[PDB]
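K.L.:
File follows, start39.txt with compact mmCIF, C-alpha atoms and all ligand atoms:
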```
# COMPACT_ATOMS: atom_id res chain seq x y z
CA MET A 1 10.57 15.28 9.43
CA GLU A 2 11.48 13.82 6.04
CA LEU A 3 9.73 11.15 3.97
CA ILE A 4 10.49 9.87 0.47
CA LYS A 5 7.49 9.80 -1.90
CA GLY A 6 5.69 6.46 -2.19
CA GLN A 7 6.51 5.58 1.43
CA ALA A 8 4.65 5.09 4.69
CA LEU A 9 5.48 6.63 8.06
CA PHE A 10 4.35 5.54 11.53
CA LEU A 11 3.91 8.71 13.62
CA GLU A 12 4.24 8.52 17.40
CA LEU A 13 2.03 10.74 19.56
CA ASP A 14 1.13 11.11 23.24
CA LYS A 15 -2.08 9.18 23.97
CA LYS A 16 -3.27 11.36 26.86
CA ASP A 17 -5.80 14.14 26.14
CA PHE A 18 -5.53 13.51 22.38
CA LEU A 19 -8.66 14.32 20.36
CA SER A 20 -7.67 14.08 16.68
CA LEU A 21 -5.00 14.17 13.98
CA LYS A 22 -5.77 16.20 10.85
CA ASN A 23 -4.36 17.10 7.45
CA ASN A 24 -6.36 20.11 6.40
CA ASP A 25 -9.97 18.86 6.92
CA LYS A 26 -9.25 15.14 6.38
CA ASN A 27 -8.98 13.22 9.68
CA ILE A 28 -6.31 10.56 10.20
CA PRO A 29 -7.13 7.52 12.34
CA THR A 30 -4.96 6.40 15.24
CA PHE A 31 -4.20 3.13 17.02
CA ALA A 32 -2.43 1.90 20.16
CA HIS A 33 1.33 1.59 20.41
CA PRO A 34 1.53 -2.09 21.37
CA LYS A 35 4.53 -1.83 23.73
CA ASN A 36 4.51 1.75 25.13
CA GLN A 37 1.08 2.42 26.72
CA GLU A 38 1.47 6.24 26.87
CA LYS A 39 1.63 6.55 23.05
CA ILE A 40 -0.46 6.07 19.92
CA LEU A 41 0.36 5.57 16.25
CA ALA A 42 -0.82 6.86 12.89
CA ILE A 43 0.18 5.89 9.35
CA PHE A 44 0.97 8.77 7.00
CA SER A 45 1.72 8.11 3.34
CA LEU A 46 2.99 10.21 0.46
CA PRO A 47 1.84 9.26 -3.04
CA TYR A 48 4.51 8.55 -5.66
CA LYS A 49 2.86 10.83 -8.25
CA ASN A 50 2.46 14.55 -7.50
CA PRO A 51 3.12 14.55 -3.79
CA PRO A 52 3.00 17.98 -2.18
CA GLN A 53 6.36 19.63 -1.50
CA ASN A 54 5.43 19.71 2.19
CA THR A 55 2.74 18.55 4.61
CA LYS A 56 1.55 20.03 7.90
CA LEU A 57 -0.36 17.71 10.23
CA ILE A 58 -1.99 18.89 13.45
CA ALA A 59 -2.50 16.67 16.48
CA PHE A 60 -5.26 18.43 18.45
CA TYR A 61 -5.28 17.82 22.21
CA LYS A 62 -7.65 18.98 24.99
CA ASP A 63 -5.09 21.54 26.20
CA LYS A 64 -3.05 22.35 23.05
CA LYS A 65 -2.26 21.74 19.39
CA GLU A 66 0.91 19.98 18.23
CA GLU A 67 2.11 20.57 14.66
CA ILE A 68 4.05 18.07 12.55
CA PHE A 69 5.94 19.20 9.44
CA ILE A 70 6.92 16.59 6.86
CA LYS A 71 9.29 17.40 4.00
CA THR A 72 8.76 15.40 0.82
CA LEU A 73 11.88 13.78 -0.65
CA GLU A 74 12.41 12.41 -4.17
CA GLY A 75 14.57 9.49 -3.03
CA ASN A 76 16.57 7.30 -5.41
CA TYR A 77 14.09 5.37 -7.58
CA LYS A 78 15.00 3.95 -10.98
CA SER A 79 13.49 5.98 -13.84
CA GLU A 80 13.59 5.53 -17.62
CA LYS A 81 13.01 8.37 -20.10
CA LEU A 82 9.75 7.95 -22.05
CA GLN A 83 9.64 8.61 -25.80
CA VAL A 84 5.96 8.46 -26.76
CA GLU A 85 3.73 10.66 -24.60
CA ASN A 86 1.29 8.71 -22.45
CA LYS A 87 -1.51 9.83 -24.77
CA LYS A 88 -5.09 9.08 -23.82
CA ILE A 89 -5.18 5.45 -24.96
CA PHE A 90 -8.45 4.30 -26.50
CA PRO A 91 -9.60 0.91 -25.16
CA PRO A 92 -12.80 -0.81 -26.30
CA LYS A 93 -15.79 0.33 -24.21
CA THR A 94 -16.13 -3.24 -22.84
CA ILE A 95 -12.68 -2.94 -21.19
CA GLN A 96 -13.28 0.68 -20.14
CA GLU A 97 -16.42 -0.48 -18.32
CA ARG A 98 -14.66 -3.33 -16.46
CA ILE A 99 -11.80 -1.08 -15.34
CA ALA A 100 -14.27 1.56 -14.14
CA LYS A 101 -16.31 -1.05 -12.25
CA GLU A 102 -13.19 -2.59 -10.68
CA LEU A 103 -11.87 0.86 -9.76
CA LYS A 104 -15.13 1.59 -7.91
CA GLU A 105 -15.01 -1.84 -6.21
CA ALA A 106 -11.40 -1.17 -5.15
CA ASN A 107 -11.90 2.38 -3.83
CA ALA A 108 -14.80 1.16 -1.68
CA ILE A 109 -12.61 -1.58 -0.20
CA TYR A 110 -9.51 0.63 0.31
CA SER A 111 -11.57 3.18 2.25
CA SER A 112 -13.40 0.65 4.42
CA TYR A 113 -11.27 1.41 7.48
CA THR A 114 -11.15 -1.33 10.13
CA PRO A 115 -10.25 0.14 13.56
CA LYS A 116 -8.65 -3.01 15.05
CA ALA A 117 -5.62 -5.19 14.35
CA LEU A 118 -6.46 -8.25 12.25
CA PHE A 119 -2.74 -9.07 11.97
CA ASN A 120 -0.59 -11.42 14.03
CA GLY A 121 2.89 -10.11 14.82
CA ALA A 122 5.27 -9.21 12.00
CA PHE A 123 4.74 -9.49 8.26
CA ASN A 124 6.67 -12.19 6.42
CA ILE A 125 7.62 -12.47 2.76
CA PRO A 126 4.84 -14.14 0.74
CA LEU A 127 7.50 -16.44 -0.72
CA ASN A 128 11.21 -17.11 -0.16
CA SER A 129 12.28 -15.73 -3.53
CA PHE A 130 14.01 -12.52 -4.71
CA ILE A 131 13.13 -9.17 -6.29
CA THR A 132 13.15 -9.15 -10.10
CA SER A 133 11.55 -5.68 -10.34
CA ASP A 134 11.75 -3.00 -7.61
CA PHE A 135 8.92 -0.82 -6.36
CA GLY A 136 8.91 2.74 -7.70
CA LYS A 137 10.37 2.15 -11.18
CA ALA A 138 9.15 5.33 -12.88
CA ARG A 139 8.41 6.19 -16.51
CA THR A 140 8.98 9.93 -17.05
CA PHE A 141 7.93 12.43 -19.76
CA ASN A 142 9.64 15.85 -19.60
CA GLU A 143 10.40 15.48 -15.88
CA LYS A 144 6.86 14.45 -14.95
CA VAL A 145 6.04 10.98 -13.65
CA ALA A 146 3.66 9.31 -16.12
CA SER A 147 3.51 5.91 -14.43
CA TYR A 148 5.34 3.79 -11.86
CA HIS A 149 5.55 0.30 -10.40
CA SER A 150 2.99 0.29 -7.56
CA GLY A 151 4.43 -2.85 -5.91
CA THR A 152 7.42 -5.19 -5.97
CA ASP A 153 7.84 -8.27 -8.17
CA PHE A 154 9.37 -11.54 -6.98
CA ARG A 155 10.86 -14.32 -9.09
CA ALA A 156 8.25 -17.06 -9.43
CA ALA A 157 7.70 -19.70 -12.09
CA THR A 158 4.03 -20.33 -12.82
CA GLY A 159 2.58 -22.32 -9.93
CA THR A 160 4.89 -21.27 -7.07
CA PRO A 161 2.96 -21.45 -3.76
CA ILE A 162 2.10 -18.04 -2.26
CA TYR A 163 1.37 -17.49 1.43
CA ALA A 164 -0.35 -14.62 3.25
CA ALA A 165 2.25 -12.15 4.54
CA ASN A 166 0.15 -11.60 7.67
CA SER A 167 -3.20 -12.60 9.22
CA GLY A 168 -6.34 -10.80 8.04
CA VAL A 169 -9.66 -10.90 6.19
CA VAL A 170 -9.76 -11.51 2.43
CA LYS A 171 -11.50 -8.63 0.62
CA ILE A 172 -10.82 -9.53 -3.05
CA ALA A 173 -10.30 -12.96 -4.66
CA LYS A 174 -10.85 -12.82 -8.42
CA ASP A 175 -9.55 -12.03 -11.90
CA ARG A 176 -9.29 -8.30 -12.62
CA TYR A 177 -8.16 -6.56 -15.79
CA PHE A 178 -4.82 -5.04 -14.80
CA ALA A 179 -4.12 -7.14 -11.70
CA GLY A 180 -5.12 -10.53 -13.14
CA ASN A 181 -6.00 -13.15 -10.52
CA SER A 182 -5.90 -10.97 -7.42
CA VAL A 183 -5.90 -11.51 -3.67
CA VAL A 184 -6.26 -8.53 -1.32
CA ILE A 185 -6.19 -8.84 2.48
CA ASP A 186 -7.40 -6.33 5.07
CA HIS A 187 -4.96 -6.48 8.01
CA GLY A 188 -6.72 -3.68 9.89
CA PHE A 189 -5.86 0.01 10.31
CA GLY A 190 -6.14 0.64 6.55
CA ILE A 191 -3.30 -1.81 5.85
CA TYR A 192 -3.92 -4.00 2.79
CA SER A 193 -1.56 -6.49 1.15
CA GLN A 194 -1.96 -7.47 -2.49
CA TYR A 195 -1.05 -10.60 -4.48
CA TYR A 196 -1.47 -10.32 -8.25
CA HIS A 197 -1.13 -12.33 -11.44
CA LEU A 198 -1.84 -15.60 -9.65
CA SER A 199 -2.38 -18.80 -11.63
CA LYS A 200 -4.66 -20.15 -8.89
CA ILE A 201 -6.69 -18.43 -6.15
CA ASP A 202 -7.14 -20.61 -3.02
CA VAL A 203 -9.29 -18.22 -0.94
CA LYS A 204 -12.78 -16.71 -0.88
CA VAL A 205 -13.97 -13.19 -0.09
CA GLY A 206 -14.61 -12.67 3.64
CA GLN A 207 -12.34 -15.56 4.65
CA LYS A 208 -10.11 -15.30 7.73
CA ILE A 209 -6.57 -16.15 6.65
CA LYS A 210 -3.64 -16.71 9.03
CA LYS A 211 -0.09 -15.53 8.39
CA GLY A 212 1.92 -18.16 6.49
CA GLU A 213 -1.29 -19.76 5.23
CA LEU A 214 -1.54 -20.50 1.51
CA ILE A 215 -3.49 -17.98 -0.61
CA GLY A 216 -2.74 -19.23 -4.13
CA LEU A 217 -0.22 -20.23 -6.77
CA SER A 218 1.81 -17.59 -8.63
CA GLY A 219 1.13 -17.20 -12.34
CA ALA A 220 1.23 -14.76 -15.22
CA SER A 221 -2.47 -13.83 -15.33
CA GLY A 222 -2.91 -10.32 -16.69
CA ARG A 223 0.89 -10.02 -16.67
CA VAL A 224 2.34 -9.07 -20.06
CA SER A 225 5.96 -9.68 -18.96
CA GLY A 226 5.89 -13.39 -18.03
CA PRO A 227 5.44 -15.34 -14.78
CA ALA A 228 6.15 -13.65 -11.41
CA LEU A 229 4.40 -12.51 -8.22
CA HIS A 230 3.43 -8.87 -7.75
CA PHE A 231 3.31 -7.92 -4.06
CA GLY A 232 1.80 -4.59 -3.03
CA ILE A 233 1.02 -2.72 0.17
CA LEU A 234 -1.64 -0.02 0.40
CA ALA A 235 -1.58 1.95 3.65
CA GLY A 236 -2.65 5.42 4.75
CA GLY A 237 -4.74 5.43 1.56
CA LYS A 238 -1.77 5.03 -0.83
CA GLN A 239 0.30 2.38 -2.60
CA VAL A 240 3.64 2.36 -0.74
CA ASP A 241 7.03 0.66 -0.83
CA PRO A 242 6.15 -2.81 0.56
CA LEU A 243 9.57 -3.75 1.98
CA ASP A 244 10.14 -0.30 3.47
CA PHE A 245 6.71 -0.70 5.07
CA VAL A 246 7.15 -4.27 6.35
CA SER A 247 10.45 -3.12 7.89
CA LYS A 248 8.79 -0.13 9.63
CA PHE A 249 5.72 -2.09 10.75
CA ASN A 250 7.74 -5.06 12.00
CA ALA A 251 9.99 -2.85 14.16
CA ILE A 252 6.83 -2.02 16.17
CA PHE A 253 4.64 -5.15 16.09
CA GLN A 254 7.39 -7.82 16.39
CA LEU A 255 6.01 -10.41 18.84
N1 LIG B 1 -5.15 -2.65 -5.61
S1 LIG B 1 -5.62 -2.14 -7.17
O1 LIG B 1 -6.09 -0.56 -7.12
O2 LIG B 1 -6.88 -3.07 -7.67
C1 LIG B 1 -4.21 -2.35 -8.31
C2 LIG B 1 -3.03 -1.64 -8.14
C3 LIG B 1 -1.98 -1.82 -9.03
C4 LIG B 1 -2.10 -2.71 -10.10
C5 LIG B 1 -0.98 -2.98 -11.11
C6 LIG B 1 -1.25 -2.97 -12.48
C7 LIG B 1 -0.24 -3.24 -13.40
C8 LIG B 1 1.05 -3.52 -12.97
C9 LIG B 1 2.14 -3.80 -14.02
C10 LIG B 1 3.14 -4.93 -13.72
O3 LIG B 1 4.16 -4.95 -14.32
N2 LIG B 1 2.87 -5.97 -12.74
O4 LIG B 1 3.82 -6.98 -12.51
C11 LIG B 1 1.32 -3.53 -11.61
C12 LIG B 1 0.31 -3.27 -10.68
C13 LIG B 1 -3.28 -3.43 -10.25
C14 LIG B 1 -4.34 -3.24 -9.36
ZN ZN B 2 4.40 -5.79 -10.88
```
Show how you would write the structure in this file as structure tokens.
Ligand SMILES: NS(=O)(=O)c1ccc(-c2ccc(CC(=O)NO)cc2)cc1
Ligand SMILES: [Zn+2]

P.N.:
Amino acid sequence: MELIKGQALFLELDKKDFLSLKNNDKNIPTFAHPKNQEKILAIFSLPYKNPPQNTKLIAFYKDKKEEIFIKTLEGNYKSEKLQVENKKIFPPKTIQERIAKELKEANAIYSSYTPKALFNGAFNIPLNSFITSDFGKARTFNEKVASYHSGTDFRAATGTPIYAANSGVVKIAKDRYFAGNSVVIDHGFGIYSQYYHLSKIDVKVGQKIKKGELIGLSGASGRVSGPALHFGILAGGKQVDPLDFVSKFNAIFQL
């Protein structure tokens, strides 16, 4: 199979006599195919930075093993040539500490797998705006990816209402260093949506939020480049193309 880096892939497998799905010694969870009852699904993601050239998954069954080969593609992302090497930047220890703390808080949340659907049908757009900055915009130094845009940015003046893209449980609802005022929703199955640089947060941690329900007002908090909404999707343990994902997810979980 073929998958562009920084993208998610819903794998289809026979339900019957299935024991596990592995990638070397790291197990991948599975969930029901909502229409076809003889199948199950698994989300596989390739990171934008340093993906392997290829991947070999193994679906182990009671009576056999079933290999999946996935070729990694570069795709067609925008990329600007960097001039100054991404040298180890030297922040004040107060900022270093906050980033480290927030990294630890985030990793714990993003590997807190919930084995049921908290969502309700398809994802919707968190607002009815347009993309000002695509996902996957890379900054490159001697053909190596130094950094990239982990989500997609919508046009939003400060104070534009933002709504949850799907139903779920709120896991983060606060100001963070890089993200600014952040909302992060667990939709189940390792699927998390992200809403950053808000001017106002209208939800609490642990709160059940419905799709289409208001989560906050867009802002510019922690955003150097002016007011806008940053929308991100983490799934299969990786930041992925949010619109590519929504499209793939929605084709399965429509109604
Ligand atoms: N879920 S997480 O691990 O806490 C997390 C992931 C990504 C970012 C992030 C930081 C800076 C920018 C720059 C930008 O131009 N935004 O508009 C974009 C995204 C922040 C937090
Ligand atoms: Zn952004």

K.L.:
Could you list, as a PyMOL selection string, all protein and nucleic acid residues with an atom at most 9 Å from ligand ZN 2 (chain B), counting all atoms listed in the file?

P.N.:
chain A and resi 133-135+149-154+179+196-197+223+228-232

K.L.:
Which is closer to residue A:37 than all the others in A:12, A:94, A:181, A:158, using all atoms listed in the file?

P.N.:
A:12

K.L.:
So that I can check the surroundings of residue A:147, please list as a VMD selection string every protein, DNA and RNA residue that reaches within 9 Å of it, counting only C-alpha atoms and ignoring chain neighbours fewer than 3 positions away.

P.N.:
chain A and resid 49 86 137 to 140 150

K.L.:
Find, counting only C-alpha atoms, the residue in A:117, A:252, A:3, A:156 that gets nearest to residue A:71.

P.N.:
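Counting only C-alpha atoms, the residue closest to residue A:71 is A:3.
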
K.L.:
Counting all atoms listed in the file, what is within 12 Å of residue A:27, bar same-chain residues fewer than 6 positions away, as a list in words?

P.N.:
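Skipping anything fewer than 6 positions along the chain leaves residues 19, 20, 21, 42, 43, 44, 57, 58, 59, 60 and 236 of chain A.
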
K.L.:
Ranking A:185, A:125, A:172, A:162 by minimum distance to residue A:215 and counting only C-alpha atoms, which one comes first?

P.N.:
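Ranking A:185, A:125, A:172, A:162 by distance to residue A:215, first place goes to A:162.
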
K.L.:
For ligand LIG 1 (chain B), what centre and edge lengths in Å (one decimal) does the axis-aligned box get once 3 Å is added on each side of all its listed atoms, as AutoDock Vina command-line options?

P.N.:
```
--center_x -1.4 --center_y -3.8 --center_z -10.0 --size_x 17.0 --size_y 12.4 --size_z 14.7
```

K.L.:
Quick check, in Å to one decimal: how far apart do atom CA of residue A:203 and atom CA of residue A:180 lie?

P.N.:
15.0 Å

K.L.:
Could you check the closest approach to residue A:106 for each of A:243, A:184, A:46, A:157 and tell me which residue wins, using all atoms listed in the file?

P.N.:
A:184

K.L.:
Taking 5 positions as the minimum chain separation for residues in the same chain, which residues sit within 12 Å of residue A:41 when counting only C-alpha atoms? Answer as a PyMOL selection string.

P.N.:
chain A and resi 9-15+18+20-21+28-36+59+189+236+249+252-253

K.L.:
Rank nothing, just name the residue among A:245, A:110, A:163, A:195 nearest to residue A:7, using all atoms listed in the file.

P.N.:
A:245

K.L.:
Using only C-alpha atoms for the distances, tell me which of A:1, A:82, A:131, A:146 is nearest to residue A:69.

P.N.:
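Among the listed residues, the smallest separation from residue A:69 belongs to A:1.
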
K.L.:
Go ahead and compute the interatomic distance for atom CA of residue A:171 and atom CA of residue A:26, in Å to one decimal.

P.N.:
24.6 Å

K.L.:
Just the number, please: distance in Å from atom CA of residue A:65 to atom CA of residue A:251, one decimal.

P.N.:
28.0 Å

K.L.:
Quick one: everything within 6 Å of stretch 118-122 of chain A, counting all atoms listed in the file, minus sequence neighbours fewer than 5 positions away in the same chain. Send it as number ranges by chain.

P.N.:
A: 166-168, 187-188, 250, 253-255

K.L.:
Dump as a PyMOL selection string all residues having an atom at most 10 Å from (-2.7, -20.5, -10.3), computed in the file's coordinates with only C-alpha atoms.

P.N.:
chain A and resi 158-162+181+197-202+216-221

K.L.:
Hey, can you spit out that residue selection with C-alpha atoms as a PDB file, keeping the file's coordinate frame?

P.N.:
```pdb
ATOM      1  CA  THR A 158       4.030 -20.330 -12.820  1.00  0.00           C
ATOM      2  CA  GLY A 159       2.580 -22.320  -9.930  1.00  0.00           C
ATOM      3  CA  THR A 160       4.890 -21.270  -7.070  1.00  0.00           C
ATOM      4  CA  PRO A 161       2.960 -21.450  -3.760  1.00  0.00           C
ATOM      5  CA  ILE A 162       2.100 -18.040  -2.260  1.00  0.00           C
ATOM      6  CA  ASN A 181      -6.000 -13.150 -10.520  1.00  0.00           C
ATOM      7  CA  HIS A 197      -1.130 -12.330 -11.440  1.00  0.00           C
ATOM      8  CA  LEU A 198      -1.840 -15.600  -9.650  1.00  0.00           C
ATOM      9  CA  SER A 199      -2.380 -18.800 -11.630  1.00  0.00           C
ATOM     10  CA  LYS A 200      -4.660 -20.150  -8.890  1.00  0.00           C
ATOM     11  CA  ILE A 201      -6.690 -18.430  -6.150  1.00  0.00           C
ATOM     12  CA  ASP A 202      -7.140 -20.610  -3.020  1.00  0.00           C
ATOM     13  CA  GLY A 216      -2.740 -19.230  -4.130  1.00  0.00           C
ATOM     14  CA  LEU A 217      -0.220 -20.230  -6.770  1.00  0.00           C
ATOM     15  CA  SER A 218       1.810 -17.590  -8.630  1.00  0.00           C
ATOM     16  CA  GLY A 219       1.130 -17.200 -12.340  1.00  0.00           C
ATOM     17  CA  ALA A 220       1.230 -14.760 -15.220  1.00  0.00           C
ATOM     18  CA  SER A 221      -2.470 -13.830 -15.330  1.00  0.00           C
TER      19      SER A 221
END
```
